[PDB]
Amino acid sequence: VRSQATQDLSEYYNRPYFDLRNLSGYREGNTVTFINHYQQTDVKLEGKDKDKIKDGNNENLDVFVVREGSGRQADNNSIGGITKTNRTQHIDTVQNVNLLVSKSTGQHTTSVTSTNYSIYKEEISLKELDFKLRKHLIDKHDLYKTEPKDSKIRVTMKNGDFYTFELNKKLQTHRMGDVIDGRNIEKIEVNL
């Protein structure tokens, strides 16, 4: 079975995305404007990111961009995904963590995939982790070819804190601007 709800998740997580690195964003109201090679990207702040981003100019940011509709209307602007850029613009990973994907393949059978997952950003948004991990799962683990049910991604930190992305719904918009230290990620576990 493939419900419309599942189909809508496939649609969302197949949206075009891009990223911008080490540039200024100018905040007016709750919208941050980025200009990169004369192209404008407006980003909506609607969570804790409202306390993080200053009114006016903010230097040396990165942004993970997922457009919310097509095209030019303001309600289609990307939401959250702003972080401070790395201390340097070096290309090396800043952390590497185990990614464990466990999938029920039958009544009595489970498949377990264990790989290294590279972290490049010192400060990373839940938006980016959510979108990119789902991309991995869609590509490699057939996510959304079946009903996701209670499947989830959990990102666990070195202090034992964790962050969960329930796969049967989009990441909540108010969580998209939440950020974490990528170097404090301990492991990532996915149950399918």
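Position 1 is the first residue in the sequence shown; the rest follow in order.
Modelled in this chain, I91 is likewise resolved in all the other entries of the protein that span it on both sides, not missing from even a third of them.
Omission of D75 is seen in a third or more of the other entries compared for this protein where the adjacent residues are built. Relative to its counterpart among 38 to 46 and 65 to 73, 65 to 73 has the higher mean temperature factor, C-alpha atoms as listed in the PDB entry. Sort the modelled residues of the chain by CA B factor and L137 lands in the lowest third. Among all modelled residues in its chain, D130 ranks in the middle third by Cα B-factor. When all modelled residues of the chain are sorted by CA temperature factor, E166 is found within the lowest third. Placement of the Cα temperature factor of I53 within the chain: highest third of the modelled residues, per the deposited record.
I185 sits in the middle third of its chain by CA B factor, as recorded in the PDB entry.
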